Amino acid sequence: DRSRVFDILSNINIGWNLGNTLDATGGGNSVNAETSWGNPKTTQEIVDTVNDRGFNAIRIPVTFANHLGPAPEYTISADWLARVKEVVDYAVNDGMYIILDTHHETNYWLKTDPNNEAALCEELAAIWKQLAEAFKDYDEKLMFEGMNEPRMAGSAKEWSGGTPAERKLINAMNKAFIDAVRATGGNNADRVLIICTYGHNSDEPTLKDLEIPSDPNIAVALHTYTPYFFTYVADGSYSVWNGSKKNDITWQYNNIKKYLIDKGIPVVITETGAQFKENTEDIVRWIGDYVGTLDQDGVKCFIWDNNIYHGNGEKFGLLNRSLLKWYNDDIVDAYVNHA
């Protein structure tokens, strides 16, 4: 009976990621990492605005690597740990549902070499013991997501769910994450903990290999920017959404229903979105199809927002953070009013 997790999630309208922020990797071992990818320092106002528009859930991606002391303790620099807490507290201040993750650890130590399972597990666990100790007293609105797209960057199957050995490794790491949090007690005893597949991929072979913890307070996270060629810019990509590629969304979702939802396993899409390609009307329709699909079974999603819209780079930006104005109200409206 995993119903407690379902109840908790049902409280979310739709979520929002604080992209390219605490996840950013410049600035070395300092709080300036937050601004190293060109975003402004996150404020209470920014989070209020997100929550006010109707994203009552927020994902705070964070990359810890440069802020860790040497192994085996991997002590999180106190300055970084406290700023992370300040950002989570912005959301706590507004009664929001929250996901804290580890993020681009994949650039550093989180390289999915099955031969190196213990070292990987131990580091994940050492980080999450400290994070869990820091957020012990936070209520059940705050959730943890153990890893972000854990994979072997540069590998042939980096973005297609990796290899079998790799996926066994992901099970080991998911277990280590859960074990290390639960062992800290307090509100972490029953905190929703969000595990993931290899790369957060949702292809049948990836899901088929996913071990499901018997811990009843978990959810499974996936990323689906589906279809890739609509949402991303690339050779073969398109900007028109007429419905003809909805089967791509549908088909993938049937796998998630088969392996997760229909077995009573909570699922969350902790990232999705569509890069802006001067095509408001199409995104709006894609949203109807994409999110409407998720809505059939009460599945929630969090939208990736890197605050990039006019500039160059992947144009997932929605909230203009400096102006506290949305870059595109029509796209936003479709997301917040999806129900």
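One rule holds for the numbers: they count along the sequence shown, beginning at 1.
Relative to its counterpart among 244-252 and 167-175, 244-252 has the higher mean temperature factor, C-alpha atoms as listed in the PDB entry. The stretch with the higher mean CA B factor, choosing between 55-63 and 290-298, is 290-298. Note on the listed residues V84, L120, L207, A180: the highest Cα temperature factor in the record is that of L207. Based on the entry's C-alpha B-factors, the most elevated value among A132, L110, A221, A156 belongs to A156. In the PDB entry, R191 places in the middle third of its chain by CA B-factor. In the PDB entry, a CA B factor belonging to the middle third of its chain's modelled residues is recorded for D139. For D101, the recorded CA B-factor ranks within the lowest third of the chain. Only modelled residues enter the ranking.
In the deposited entry, the Cα temperature factor of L318 places it in the lowest third of its chain's modelled residues. Ranked against the other modelled residues of its chain, the C-alpha B-factor of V50 as given in the entry falls in the lowest third.
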